[PDB]
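Asker: Pasting data.cif below, which is mmCIF, C-alpha atoms and all ligand atoms.
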data_upload
loop_
_atom_site.label_atom_id
_atom_site.label_comp_id
_atom_site.auth_asym_id
_atom_site.auth_seq_id
_atom_site.Cartn_x
_atom_site.Cartn_y
_atom_site.Cartn_z
CA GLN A 21 84.09 -47.77 -34.49
CA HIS A 22 80.45 -48.27 -33.58
CA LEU A 23 78.00 -45.40 -33.29
CA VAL A 24 74.70 -45.89 -31.51
CA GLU A 25 72.05 -43.33 -32.40
CA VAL A 26 70.29 -41.63 -29.50
CA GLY A 27 68.38 -38.64 -30.86
CA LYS A 28 68.80 -35.19 -32.37
CA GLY A 29 69.84 -32.42 -30.00
CA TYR A 30 70.56 -28.72 -29.98
CA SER A 31 73.68 -27.90 -32.06
CA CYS A 32 73.77 -24.10 -32.36
CA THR A 33 76.11 -23.89 -29.36
CA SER A 34 78.37 -26.51 -27.68
CA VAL A 35 76.19 -26.71 -24.54
CA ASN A 36 75.63 -30.46 -24.98
CA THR A 37 79.30 -31.19 -25.71
CA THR A 38 81.68 -29.54 -23.19
CA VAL A 39 84.53 -31.34 -21.45
CA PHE A 40 83.03 -30.44 -18.07
CA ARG A 41 79.76 -32.35 -18.33
CA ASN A 42 80.14 -34.63 -15.30
CA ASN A 43 78.28 -36.65 -16.48
CA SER A 44 76.52 -36.51 -19.81
CA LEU A 45 76.50 -40.33 -19.93
CA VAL A 46 76.58 -42.81 -17.07
CA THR A 47 76.07 -46.53 -16.50
CA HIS A 48 74.40 -48.04 -13.43
CA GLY A 49 74.37 -51.84 -13.54
CA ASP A 50 73.56 -52.86 -17.11
CA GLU A 51 71.64 -49.64 -17.94
CA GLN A 52 73.15 -46.52 -19.44
CA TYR A 53 71.70 -43.07 -18.94
CA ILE A 54 72.18 -39.96 -21.02
CA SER A 55 71.07 -36.34 -20.86
CA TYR A 56 70.98 -33.47 -23.32
CA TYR A 57 69.02 -30.47 -24.46
CA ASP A 58 66.72 -30.93 -27.43
CA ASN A 59 66.40 -28.33 -30.19
CA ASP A 60 63.67 -26.50 -28.26
CA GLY A 61 65.87 -26.20 -25.19
CA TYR A 62 64.23 -28.95 -23.16
CA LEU A 63 66.26 -31.21 -20.92
CA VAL A 64 65.87 -34.73 -22.22
CA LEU A 65 66.82 -37.83 -20.16
CA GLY A 66 67.28 -41.23 -21.75
CA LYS A 67 68.24 -44.77 -20.91
CA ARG A 68 68.96 -48.10 -22.52
CA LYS A 69 70.16 -51.57 -21.71
CA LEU A 70 73.82 -51.76 -22.67
CA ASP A 71 73.04 -54.87 -24.77
CA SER A 72 70.47 -52.93 -26.82
CA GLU A 73 70.47 -49.91 -29.16
CA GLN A 74 66.87 -49.06 -28.25
CA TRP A 75 66.59 -45.94 -26.06
CA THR A 76 63.72 -44.76 -23.94
CA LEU A 77 63.76 -40.97 -24.17
CA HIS A 78 61.80 -38.57 -21.94
CA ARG A 79 61.42 -34.84 -22.52
CA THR A 80 61.33 -33.40 -19.00
CA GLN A 81 59.39 -30.39 -17.79
CA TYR A 82 62.57 -28.28 -17.75
CA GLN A 83 64.30 -26.03 -20.23
CA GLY A 84 67.75 -24.50 -20.28
CA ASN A 85 69.29 -21.35 -21.77
CA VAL A 86 71.00 -23.33 -24.52
CA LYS A 87 72.29 -20.15 -26.23
CA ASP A 88 74.82 -19.98 -23.34
CA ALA A 89 77.24 -22.91 -23.68
CA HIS A 90 78.11 -22.56 -19.99
CA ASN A 91 74.66 -23.73 -19.02
CA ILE A 92 75.36 -27.49 -19.14
CA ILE A 93 73.60 -30.52 -17.69
CA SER A 94 75.48 -32.84 -15.33
CA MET A 95 73.93 -36.11 -14.12
CA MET A 96 74.79 -39.09 -11.92
CA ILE A 97 73.13 -42.18 -10.45
CA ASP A 98 73.26 -42.89 -6.71
CA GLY A 99 73.47 -46.31 -5.04
CA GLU A 100 69.69 -46.80 -5.03
CA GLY A 101 69.46 -46.02 -8.71
CA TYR A 102 68.04 -42.46 -8.54
CA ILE A 103 69.12 -40.02 -11.22
CA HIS A 104 70.47 -36.77 -9.77
CA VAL A 105 70.66 -33.93 -12.28
CA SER A 106 71.76 -30.30 -12.13
CA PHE A 107 71.58 -27.97 -15.11
CA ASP A 108 71.34 -24.56 -16.71
CA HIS A 109 73.61 -22.26 -14.72
CA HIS A 110 75.86 -19.31 -15.39
CA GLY A 111 75.86 -17.56 -12.04
CA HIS A 112 72.27 -18.51 -11.16
CA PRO A 113 70.32 -20.14 -8.36
CA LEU A 114 70.85 -23.90 -8.14
CA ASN A 115 68.73 -26.05 -10.46
CA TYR A 116 68.69 -29.59 -9.07
CA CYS A 117 66.21 -32.46 -9.46
CA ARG A 118 66.04 -36.18 -8.77
CA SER A 119 64.21 -39.16 -10.27
CA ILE A 120 60.78 -39.72 -8.73
CA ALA A 121 61.69 -43.43 -8.37
CA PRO A 122 64.71 -45.71 -8.94
CA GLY A 123 65.71 -45.70 -12.60
CA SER A 124 62.93 -43.32 -13.60
CA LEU A 125 63.48 -40.65 -16.27
CA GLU A 126 60.74 -38.56 -14.66
CA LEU A 127 61.94 -35.80 -12.37
CA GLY A 128 60.31 -34.05 -9.42
CA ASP A 129 60.46 -30.35 -8.64
CA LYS A 130 63.68 -28.34 -8.33
CA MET A 131 65.10 -28.72 -4.81
CA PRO A 132 67.82 -27.22 -2.65
CA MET A 133 70.80 -29.25 -1.50
CA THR A 134 71.75 -27.49 1.76
CA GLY A 135 69.96 -24.21 1.01
CA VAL A 136 73.17 -22.27 1.70
CA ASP A 137 75.38 -20.57 -0.90
CA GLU A 138 73.12 -21.83 -3.75
CA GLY A 139 72.30 -18.41 -5.26
CA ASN A 140 75.17 -18.11 -7.77
CA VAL A 141 76.09 -21.47 -9.23
CA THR A 142 78.20 -22.32 -12.24
CA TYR A 143 79.65 -25.68 -13.44
CA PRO A 144 77.66 -28.37 -11.60
CA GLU A 145 79.61 -31.67 -11.32
CA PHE A 146 78.69 -35.02 -9.73
CA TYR A 147 81.02 -37.88 -8.66
CA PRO A 148 80.08 -41.19 -7.11
CA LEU A 149 81.59 -42.15 -3.74
CA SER A 150 82.13 -45.60 -2.28
CA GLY A 151 78.95 -47.14 -0.88
CA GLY A 152 76.39 -45.31 -3.02
CA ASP A 153 76.76 -41.74 -1.69
CA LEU A 154 77.38 -38.85 -4.11
CA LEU A 155 79.70 -35.85 -4.27
CA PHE A 156 78.62 -32.56 -5.81
CA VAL A 157 80.99 -29.78 -6.69
CA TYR A 158 80.26 -26.35 -8.13
CA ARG A 159 81.65 -22.84 -8.44
CA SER A 160 79.87 -20.28 -6.31
CA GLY A 161 80.00 -16.56 -7.17
CA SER A 162 79.14 -13.95 -9.79
CA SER A 163 80.96 -11.00 -11.39
CA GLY A 164 84.27 -12.82 -11.35
CA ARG A 165 84.02 -14.38 -7.89
CA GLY A 166 84.57 -18.06 -7.73
CA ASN A 167 84.88 -20.52 -4.91
CA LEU A 168 84.84 -24.30 -4.97
CA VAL A 169 81.93 -25.69 -2.94
CA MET A 170 81.66 -29.39 -2.18
CA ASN A 171 78.72 -31.31 -0.82
CA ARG A 172 77.95 -34.94 -0.06
CA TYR A 173 74.70 -36.87 -0.52
CA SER A 174 74.09 -39.46 2.17
CA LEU A 175 72.16 -42.33 0.66
CA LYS A 176 71.20 -43.37 4.19
CA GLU A 177 69.60 -40.08 5.26
CA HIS A 178 68.73 -39.02 1.71
CA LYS A 179 70.21 -35.57 2.33
CA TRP A 180 73.06 -33.31 1.31
CA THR A 181 75.58 -31.79 3.65
CA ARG A 182 78.45 -29.40 3.10
CA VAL A 183 81.91 -31.05 3.01
CA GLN A 184 84.07 -28.04 2.28
CA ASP A 185 83.17 -24.37 2.30
CA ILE A 186 86.72 -23.34 1.50
CA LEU A 187 89.03 -25.91 -0.05
CA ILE A 188 90.98 -23.79 -2.57
CA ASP A 189 91.68 -20.22 -1.45
CA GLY A 190 92.19 -17.54 -4.10
CA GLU A 191 92.94 -15.10 -1.27
CA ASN A 192 90.82 -12.35 -2.88
CA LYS A 193 93.46 -12.20 -5.63
CA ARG A 194 93.08 -15.12 -8.02
CA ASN A 195 90.67 -17.73 -9.29
CA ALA A 196 91.09 -21.47 -9.82
CA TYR A 197 89.68 -23.87 -12.43
CA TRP A 198 89.53 -27.45 -11.30
CA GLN A 199 88.71 -31.04 -12.26
CA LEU A 200 88.20 -34.14 -10.13
CA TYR A 201 87.91 -37.88 -10.33
CA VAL A 202 86.94 -40.54 -7.80
CA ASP A 203 89.13 -43.57 -8.33
CA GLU A 204 88.26 -47.24 -8.06
CA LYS A 205 89.35 -47.23 -4.39
CA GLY A 206 87.03 -44.33 -3.56
CA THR A 207 89.80 -41.71 -3.33
CA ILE A 208 88.80 -38.22 -4.49
CA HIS A 209 91.41 -36.64 -6.74
CA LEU A 210 91.54 -32.90 -7.40
CA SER A 211 93.70 -30.81 -9.76
CA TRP A 212 93.52 -27.19 -10.90
CA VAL A 213 95.21 -24.25 -12.57
CA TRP A 214 95.39 -20.80 -11.16
CA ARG A 215 94.10 -17.83 -13.05
CA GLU A 216 95.76 -14.70 -11.84
CA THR A 217 93.30 -12.09 -13.22
CA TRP A 218 90.47 -11.62 -15.78
CA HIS A 219 92.37 -12.79 -18.80
CA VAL A 220 92.85 -16.36 -19.95
CA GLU A 221 96.58 -15.83 -20.67
CA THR A 222 97.07 -15.37 -16.92
CA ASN A 223 96.35 -19.07 -16.24
CA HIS A 224 99.36 -20.72 -14.63
CA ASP A 225 100.48 -23.97 -12.97
CA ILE A 226 98.87 -27.36 -12.35
CA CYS A 227 98.24 -28.23 -8.70
CA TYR A 228 96.97 -31.40 -7.00
CA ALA A 229 95.37 -32.78 -3.87
CA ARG A 230 93.59 -35.98 -2.83
CA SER A 231 91.31 -37.16 -0.05
CA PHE A 232 90.89 -40.68 1.36
CA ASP A 233 87.97 -39.85 3.72
CA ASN A 234 85.30 -38.45 1.37
CA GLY A 235 86.64 -34.94 1.33
CA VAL A 236 87.16 -34.17 5.04
CA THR A 237 90.99 -34.13 4.91
CA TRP A 238 93.36 -33.67 1.99
CA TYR A 239 96.89 -34.97 1.17
CA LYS A 240 99.82 -34.40 -1.13
CA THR A 241 101.28 -37.31 -3.10
CA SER A 242 104.36 -37.09 -0.91
CA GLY A 243 102.21 -37.88 2.16
CA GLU A 244 101.80 -34.55 3.95
CA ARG A 245 98.35 -33.65 5.17
CA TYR A 246 97.30 -30.21 3.94
CA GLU A 247 96.49 -27.43 6.34
CA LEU A 248 93.31 -26.09 4.74
CA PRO A 249 92.50 -24.11 2.75
CA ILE A 250 94.93 -24.71 -0.09
CA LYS A 251 96.59 -21.52 -1.33
CA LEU A 252 99.27 -20.55 -3.86
CA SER A 253 101.91 -21.00 -1.21
CA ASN A 254 101.14 -24.52 0.12
CA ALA A 255 99.64 -26.22 -2.93
CA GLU A 256 101.37 -29.25 -4.39
CA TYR A 257 102.64 -28.35 -7.88
CA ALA A 258 102.16 -31.24 -10.28
CA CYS A 259 103.61 -29.09 -13.07
CA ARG A 260 104.99 -25.58 -12.84
CA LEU A 261 103.94 -23.59 -15.89
CA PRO A 262 104.07 -19.86 -16.45
CA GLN A 263 101.47 -17.38 -17.61
CA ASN A 264 101.42 -16.91 -21.42
CA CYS A 265 102.12 -20.51 -22.41
CA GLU A 266 98.60 -21.18 -23.72
CA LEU A 267 97.77 -23.29 -20.66
CA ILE A 268 94.03 -23.95 -20.76
CA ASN A 269 91.61 -24.10 -17.85
CA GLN A 270 88.90 -26.62 -16.90
CA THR A 271 89.98 -29.92 -18.46
CA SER A 272 89.72 -33.41 -16.95
CA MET A 273 91.58 -36.03 -14.94
CA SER A 274 91.57 -39.71 -14.17
CA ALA A 275 93.35 -42.35 -12.12
CA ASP A 276 94.44 -45.93 -12.55
CA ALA A 277 93.19 -48.81 -10.38
CA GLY A 278 96.19 -48.32 -8.04
CA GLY A 279 95.16 -44.71 -7.37
CA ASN A 280 97.86 -42.85 -9.37
CA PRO A 281 96.48 -39.56 -10.88
CA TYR A 282 96.59 -38.56 -14.54
CA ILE A 283 95.75 -35.04 -15.82
CA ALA A 284 95.00 -34.20 -19.49
CA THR A 285 95.44 -30.70 -20.84
CA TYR A 286 97.42 -28.58 -23.29
CA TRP A 287 100.05 -25.82 -23.48
CA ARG A 288 102.85 -24.67 -25.87
CA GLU A 289 106.58 -25.37 -25.99
CA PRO A 290 108.72 -22.35 -25.02
CA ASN A 291 110.28 -22.09 -28.47
CA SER A 292 106.98 -22.29 -30.38
CA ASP A 293 103.56 -20.60 -30.84
CA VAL A 294 101.75 -23.97 -31.15
CA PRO A 295 99.76 -25.43 -28.23
CA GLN A 296 100.26 -29.18 -27.77
CA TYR A 297 98.30 -31.83 -25.95
CA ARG A 298 99.86 -33.09 -22.71
CA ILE A 299 99.49 -35.65 -19.99
CA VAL A 300 100.77 -35.12 -16.42
CA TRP A 301 100.77 -37.99 -13.92
CA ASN A 302 102.27 -39.16 -10.64
CA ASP A 303 103.66 -42.69 -10.21
CA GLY A 304 103.56 -42.60 -6.40
CA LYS A 305 106.98 -40.95 -6.19
CA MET A 306 107.38 -38.39 -8.97
CA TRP A 307 105.40 -36.23 -11.39
CA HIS A 308 105.97 -36.71 -15.14
CA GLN A 309 104.81 -35.01 -18.31
CA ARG A 310 104.54 -36.08 -21.93
CA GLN A 311 103.53 -34.35 -25.14
CA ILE A 312 100.90 -36.31 -27.05
CA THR A 313 100.97 -35.02 -30.66
CA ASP A 314 103.23 -32.88 -32.84
CA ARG A 315 100.80 -30.20 -33.98
CA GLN A 316 101.96 -27.68 -36.61
CA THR A 317 99.18 -25.08 -36.56
CA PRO A 318 99.47 -22.19 -34.09
CA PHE A 319 96.74 -20.50 -32.14
CA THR A 320 96.50 -18.35 -29.03
CA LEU A 321 93.93 -18.13 -26.28
CA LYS A 322 94.49 -14.39 -25.75
CA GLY A 323 91.80 -12.05 -27.14
CA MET A 328 86.29 -21.09 -31.34
CA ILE A 329 89.38 -22.74 -29.99
CA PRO A 330 90.70 -25.06 -32.76
CA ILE A 331 91.25 -27.99 -30.41
CA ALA A 332 89.08 -29.58 -27.72
CA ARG A 333 89.94 -29.94 -24.10
CA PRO A 334 90.67 -33.66 -23.62
CA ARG A 335 89.48 -36.74 -21.75
CA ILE A 336 91.47 -39.84 -20.80
CA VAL A 337 91.02 -43.33 -19.45
CA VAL A 338 93.87 -45.40 -18.06
CA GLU A 339 94.50 -49.13 -17.64
CA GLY A 340 97.74 -49.88 -15.74
CA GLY A 341 99.90 -47.29 -17.50
CA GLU A 342 98.08 -47.74 -20.83
CA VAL A 343 96.37 -44.52 -21.89
CA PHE A 344 93.54 -43.71 -24.27
CA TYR A 345 93.46 -39.95 -24.90
CA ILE A 346 90.39 -38.46 -26.58
CA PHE A 347 90.54 -35.14 -28.43
CA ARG A 348 89.38 -33.13 -31.46
CA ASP A 349 91.64 -31.04 -33.69
CA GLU A 350 91.07 -28.77 -36.70
CA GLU A 351 94.31 -30.26 -38.05
CA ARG A 352 92.47 -33.59 -38.31
CA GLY A 353 89.24 -32.14 -39.70
CA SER A 354 87.64 -31.77 -36.23
CA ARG A 355 86.87 -35.49 -36.08
CA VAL A 356 86.66 -37.35 -32.79
CA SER A 357 90.27 -38.49 -32.42
CA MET A 358 92.19 -40.80 -30.10
CA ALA A 359 95.80 -41.09 -29.09
CA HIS A 360 97.00 -44.34 -27.54
CA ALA A 361 100.15 -45.22 -25.54
CA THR A 362 100.78 -48.78 -24.39
CA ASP A 363 103.04 -47.33 -21.69
CA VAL A 364 102.57 -43.67 -20.81
CA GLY A 365 106.21 -43.17 -19.82
CA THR A 366 107.89 -44.56 -22.98
CA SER A 367 105.55 -45.34 -25.88
CA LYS A 368 105.00 -43.33 -28.97
CA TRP A 369 101.41 -42.08 -29.09
CA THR A 370 99.49 -43.56 -32.05
CA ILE A 371 96.67 -41.39 -33.40
CA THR A 372 93.47 -42.57 -34.96
CA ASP A 373 90.16 -40.94 -35.84
CA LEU A 374 87.05 -42.43 -34.26
CA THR A 375 84.62 -40.61 -36.60
CA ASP A 376 84.91 -40.00 -40.32
CA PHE A 377 82.94 -36.74 -39.94
CA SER A 378 83.60 -33.38 -38.24
CA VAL A 379 81.99 -32.70 -34.88
CA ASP A 380 83.30 -29.10 -35.01
CA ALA A 381 83.04 -27.49 -31.50
CA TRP A 382 82.50 -30.80 -29.70
CA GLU A 383 84.57 -31.68 -26.68
CA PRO A 384 84.62 -35.16 -25.17
CA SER A 385 82.63 -36.47 -22.25
CA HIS A 386 82.48 -40.21 -21.45
CA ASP A 387 80.79 -42.84 -19.33
CA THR A 388 83.16 -42.71 -16.38
CA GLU A 389 81.40 -45.54 -14.54
CA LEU A 390 81.36 -47.96 -17.47
CA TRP A 391 85.11 -47.57 -17.83
CA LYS A 392 85.61 -48.20 -14.09
CA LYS A 393 83.29 -51.22 -13.85
CA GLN A 394 83.55 -52.79 -17.31
CA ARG A 395 86.62 -51.30 -19.05
CA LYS A 396 84.52 -50.07 -21.97
CA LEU A 397 84.90 -46.53 -23.34
CA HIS A 398 81.66 -44.94 -24.46
CA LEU A 399 81.69 -41.35 -25.62
CA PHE A 400 78.94 -38.76 -25.95
CA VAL A 401 79.33 -37.66 -29.58
CA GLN A 402 77.41 -34.87 -31.35
CA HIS A 403 78.36 -32.26 -33.95
CA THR A 404 77.90 -28.78 -32.47
CA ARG A 405 78.89 -25.22 -33.44
CA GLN A 406 80.42 -22.36 -31.44
CA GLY A 407 77.45 -19.94 -31.58
CA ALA A 413 73.82 -19.27 -37.23
CA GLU A 414 70.73 -21.36 -36.72
CA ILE A 415 71.56 -24.91 -37.73
CA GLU A 416 69.42 -28.01 -37.54
CA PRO A 417 69.80 -30.17 -34.50
CA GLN A 418 72.45 -32.89 -35.15
CA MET A 419 72.27 -36.55 -34.07
CA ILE A 420 73.63 -37.48 -30.66
CA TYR A 421 75.42 -40.84 -30.56
CA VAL A 422 77.06 -43.02 -28.04
CA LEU A 423 80.34 -43.98 -29.62
CA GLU A 424 81.29 -47.44 -28.39
CA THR A 425 85.03 -47.46 -28.83
CA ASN A 426 86.90 -50.48 -30.11
CA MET A 427 90.27 -50.62 -28.25
CL CL B 501 78.73 -47.08 -36.79
CL CL B 502 62.60 -24.71 -16.67
CL CL B 503 87.53 -19.44 -8.53
CL CL B 504 84.87 -40.21 -11.04
CL CL B 505 94.37 -49.53 -13.87
CL CL B 506 108.16 -34.66 -8.84
CL CL B 507 106.47 -47.16 -28.88
#
Step by step, read the file and then write its structure as structure tokens.
Answerer:
Amino acid sequence: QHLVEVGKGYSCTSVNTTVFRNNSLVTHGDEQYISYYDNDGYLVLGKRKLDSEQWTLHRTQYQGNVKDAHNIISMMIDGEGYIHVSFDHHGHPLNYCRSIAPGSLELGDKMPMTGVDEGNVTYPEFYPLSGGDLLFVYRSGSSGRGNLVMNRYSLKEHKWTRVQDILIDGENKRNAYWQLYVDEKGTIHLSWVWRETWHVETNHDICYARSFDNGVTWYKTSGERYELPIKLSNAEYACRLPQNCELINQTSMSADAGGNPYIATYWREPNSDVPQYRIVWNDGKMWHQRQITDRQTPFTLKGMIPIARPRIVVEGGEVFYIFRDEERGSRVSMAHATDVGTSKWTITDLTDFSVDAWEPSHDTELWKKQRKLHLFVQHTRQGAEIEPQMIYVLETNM
């Protein structure tokens, strides 16, 4: 299992290593790009040729509040090769920059997208759309308010426009926590859990929608077009799960080449106090679930979480499931099923060392285009002032 050194980065919190960095690492053509905060809090951008281990690294003019692990960096490359990057939010005005030129690590000034509803941003996420355009998703609101906002970047006009103002409706009652993926056919997939009130134990259910027209209209797997916005009552339930089953929020999802969705998360068995890793997927006709490992060690979300929220990639039913577990010494770990429906899941460790509070993020585009799995790997703590730890790209042997 081959580790490619990048550079040392901040490790006192998990800001560089959350599951919801979309993306920390991204390939365009034969170049791979990475982003992180250095030990002084500066946003660093880097790139290499995929056939080299020599990085060009550039400390930008920007800093982030790295003591708040919410305040992540998400990046993406558009069809003309410009880096788009958004960073350093926890209910704050939008921070968004772009490369000054194709493939450049140098950024211009902070810019608006649409200039509307950009005062209270959390969780910036980018996804590439067919033809070179980009999608941007974020949570708008402070003091417990949350709403999913979705924009599109037209490569042609070089501008952002709003796609949905209200896609998921909490009806002034509840919040949602979501994840998305744009499949190899350009379909946008969306899944989420509800959170009924302040407390994490009030998370419940896994819901799903998809769009074939870059976010304008939305469908269920069973073919019905949604009447928007999507509420508790009309949502498609991929998996019905109660409150108080240790169901976690804000994980990740993927799809196979055929456009079938796969969702990776965790929750406990009814007759147990031990959360277990899960996969939920739809085969075109039915939703299924499987438990990935047989953990022994209990924990509860109520009141550092001992396991990481997961990532997955899929190849025609074959699943590679990336996680981290105190039971395995907090190494980077992988579970593999030849066939998601029927195989036993074989577990291996991808690092021989602990990465502690690390969660996985991966080069989504390299998997889609080249079927290679590269992970952003760095030891971090749930913040003790520790020395910055080396960031690697882990090039996975499968
Ligand atoms: Cl190595
Ligand atoms: Cl700054
Ligand atoms: Cl929300
Ligand atoms: Cl994607
Ligand atoms: Cl596939
Ligand atoms: Cl079903
Ligand atoms: Cl088997």
Asker: Name the residues, by chain letter and number, that sit within 10 Å of ligand CL 502 (chain B) using all atoms listed in the file, and give them as a list in words.
Answerer: residues 61, 62, 63, 80, 81, 82, 83, 84, 85, 107, 108, 115 and 130 of chain A
Asker: If I take CA of residue 147 (chain A) and CA of residue 53 (chain A), how far is one from the other in Å, to one decimal?
Answerer: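 About the pair CA of residue 147 (chain A) and CA of residue 53 (chain A): they are 14.8 Å apart.
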Asker: So which one's closest to residue 124 (chain A), A:362, A:195, A:76, A:242? Using all atoms listed in the file, please.
Answerer: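 Residue with the minimum atom-to-atom distance to residue 124 (chain A): A:76.
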Asker: With 9 Å as the cut-off and all atoms listed in the file counted, what is the closest atom pair between each nearby residue of chain A and ligand CL 501 (chain B)? Distances in Å to one decimal, ordered by chain and number, as CSV.
Answerer:
residue,atom,partner,partner_atom,distance
A:21,CA,B:CL501,CL,5.9
A:22,CA,B:CL501,CL,3.8
A:23,CA,B:CL501,CL,4.0
A:24,CA,B:CL501,CL,6.7
A:25,CA,B:CL501,CL,8.8
A:375,CA,B:CL501,CL,8.8
A:423,CA,B:CL501,CL,8.0
A:424,CA,B:CL501,CL,8.8
Asker: When the cut-off is 8 Å and you count only C-alpha atoms and all ligand atoms, which residues lie near ligand CL 504 (chain B), shown as an MDAnalysis selection string?
Answerer: chainID A and resid 147:148 200:203 208 274 388:389
Asker: Kindly compile the residues surrounding ligand CL 503 (chain B) within 6 Å, counting only C-alpha atoms and all ligand atoms, and format them as a list in words.
Answerer: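 Every residue with an atom at most 6 Å from ligand CL 503 (chain B) is listed here: residues 166, 167, 195 and 196 of chain A.
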Asker: Could you give me the residues within 12 Å of ligand CL 505 (chain B), counting all atoms listed in the file, as a list in words?
Answerer: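 Listed by chain and ascending number, the contacts are residues 203, 204, 205, 274, 275, 276, 277, 278, 279, 280, 281, 282, 337, 338, 339, 340, 341, 342, 343, 344, 363, 391, 392, 393, 394 and 395 of chain A.
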Asker: Of the candidates A:192, A:372, A:366, A:52, which shows the shortest atom-to-atom distance to ligand CL 507 (chain B), using all atoms listed in the file?
Answerer: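 Going through A:192, A:372, A:366, A:52 one by one, the smallest distance to ligand CL 507 (chain B) is for A:366.
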Asker: Near residue 315 (chain A), within 9 Å and counting only C-alpha atoms, which residues show up once chain neighbours fewer than 2 positions away are dropped, as a PyMOL selection string?
Answerer: chain A and resi 294-297+313+317-318+351
Asker: Deliver the residues from the most recent selection as a file, using C-alpha atoms, as a tab-separated table (two decimals), keeping the file's coordinate frame.
Answerer:
chain	number	residue	atom	x	y	z
A	294	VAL	CA	101.75	-23.97	-31.15
A	295	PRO	CA	99.76	-25.43	-28.23
A	296	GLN	CA	100.26	-29.18	-27.77
A	297	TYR	CA	98.30	-31.83	-25.95
A	313	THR	CA	100.97	-35.02	-30.66
A	317	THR	CA	99.18	-25.08	-36.56
A	318	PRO	CA	99.47	-22.19	-34.09
A	351	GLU	CA	94.31	-30.26	-38.05
Asker: Centre and edge lengths of an axis-aligned box around all listed atoms of region 124-127 of chain A, with 3 Å added on each side, are to be given in Å to one decimal, as AutoDock Vina command-line options.
Answerer:
--center_x 62.1 --center_y -39.6 --center_z -14.3 --size_x 8.7 --size_y 13.5 --size_z 9.9
Asker: Dump the neighbourhood of ligand CL 507 (chain B) as an NGL selection string: all residues within 10 Å, distances computed on all atoms listed in the file.
Answerer: :A and (360-370)
Asker: Please, which residues have at least one atom within 10 Å of an atom of ligand CL 506 (chain B), using all atoms listed in the file, listed as a PyMOL selection string?
Answerer: chain A and resi 241-242+256-259+301-308
Asker: Just region 86-96 of chain A, please, as a PDB file, in the first residue's frame (only N, CA, C and O atoms).
Answerer:
ATOM      1  N   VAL A  86      -8.617  27.116  11.686  1.00  0.00           N
ATOM      2  CA  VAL A  86      -8.348  25.687  11.772  1.00  0.00           C
ATOM      3  C   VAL A  86      -8.677  25.062  13.139  1.00  0.00           C
ATOM      4  O   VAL A  86      -8.908  23.865  13.222  1.00  0.00           O
ATOM      5  N   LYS A  87      -8.759  25.873  14.197  1.00  0.00           N
ATOM      6  CA  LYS A  87      -9.266  25.391  15.492  1.00  0.00           C
ATOM      7  C   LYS A  87     -10.719  24.939  15.490  1.00  0.00           C
ATOM      8  O   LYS A  87     -11.131  24.234  16.412  1.00  0.00           O
ATOM      9  N   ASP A  88     -11.489  25.301  14.461  1.00  0.00           N
ATOM     10  CA  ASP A  88     -12.852  24.794  14.250  1.00  0.00           C
ATOM     11  C   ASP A  88     -12.848  23.786  13.099  1.00  0.00           C
ATOM     12  O   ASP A  88     -12.734  24.150  11.913  1.00  0.00           O
ATOM     13  N   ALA A  89     -12.973  22.514  13.440  1.00  0.00           N
ATOM     14  CA  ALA A  89     -12.959  21.436  12.438  1.00  0.00           C
ATOM     15  C   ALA A  89     -14.093  21.486  11.446  1.00  0.00           C
ATOM     16  O   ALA A  89     -14.082  20.724  10.479  1.00  0.00           O
ATOM     17  N   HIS A  90     -15.107  22.334  11.667  1.00  0.00           N
ATOM     18  CA  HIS A  90     -16.124  22.548  10.644  1.00  0.00           C
ATOM     19  C   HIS A  90     -15.614  23.262   9.408  1.00  0.00           C
ATOM     20  O   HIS A  90     -16.199  23.129   8.313  1.00  0.00           O
ATOM     21  N   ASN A  91     -14.559  24.048   9.606  1.00  0.00           N
ATOM     22  CA  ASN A  91     -14.168  25.104   8.677  1.00  0.00           C
ATOM     23  C   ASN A  91     -13.299  24.603   7.485  1.00  0.00           C
ATOM     24  O   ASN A  91     -12.259  25.182   7.128  1.00  0.00           O
ATOM     25  N   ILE A  92     -13.777  23.522   6.874  1.00  0.00           N
ATOM     26  CA  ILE A  92     -13.019  22.790   5.858  1.00  0.00           C
ATOM     27  C   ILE A  92     -12.843  23.520   4.530  1.00  0.00           C
ATOM     28  O   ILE A  92     -13.525  24.511   4.242  1.00  0.00           O
ATOM     29  N   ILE A  93     -11.947  22.980   3.730  1.00  0.00           N
ATOM     30  CA  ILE A  93     -11.700  23.394   2.357  1.00  0.00           C
ATOM     31  C   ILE A  93     -12.299  22.323   1.428  1.00  0.00           C
ATOM     32  O   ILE A  93     -11.973  21.114   1.540  1.00  0.00           O
ATOM     33  N   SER A  94     -13.118  22.760   0.487  1.00  0.00           N
ATOM     34  CA  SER A  94     -13.536  21.927  -0.631  1.00  0.00           C
ATOM     35  C   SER A  94     -13.085  22.568  -1.944  1.00  0.00           C
ATOM     36  O   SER A  94     -13.258  23.788  -2.158  1.00  0.00           O
ATOM     37  N   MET A  95     -12.552  21.734  -2.836  1.00  0.00           N
ATOM     38  CA  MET A  95     -12.074  22.160  -4.150  1.00  0.00           C
ATOM     39  C   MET A  95     -12.617  21.300  -5.271  1.00  0.00           C
ATOM     40  O   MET A  95     -13.146  20.185  -5.050  1.00  0.00           O
ATOM     41  N   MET A  96     -12.490  21.814  -6.499  1.00  0.00           N
ATOM     42  CA  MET A  96     -12.907  21.102  -7.709  1.00  0.00           C
ATOM     43  C   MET A  96     -12.314  21.789  -8.907  1.00  0.00           C
ATOM     44  O   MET A  96     -11.984  22.966  -8.842  1.00  0.00           O
TER      45      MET A  96
END
